[PDB]
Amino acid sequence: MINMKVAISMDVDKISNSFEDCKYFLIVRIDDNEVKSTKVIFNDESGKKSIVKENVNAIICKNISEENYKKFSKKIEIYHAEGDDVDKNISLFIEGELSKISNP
């Protein structure tokens, strides 16, 4: 069973085009294969520091920069979103059905 914290790169209406361009990071705690809680971290100068402090297990995004990939892939597994829908993607994540990004 998965017990993990996952960061998702979000626009107000959908998963964003990139980790870099998002409005906010949605921090989801998944426990006994269920979403238990959520939190918004705005993608501003402070939010960029905050996301590191969260110590997430995984990121879900559509695209990510070489720099951010280099930084986060040391510790964090980075998964590629499939379409725009965050709930569909959280489900796919839990099911083990998202692909792990190897190069941005």
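Residue numbers run from 1 along the displayed sequence.
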For the higher mean C-alpha B factor in the entry, choose 68-76 or 51-59. 68-76
Entry-reported C-alpha B-factor of residue 102 relative to its chain, by third, is middle
Residue 95's Cα B-factor: lowest, middle or highest third of the chain? highest
For residue 33, the third of its chain by CA B-factor is the highest
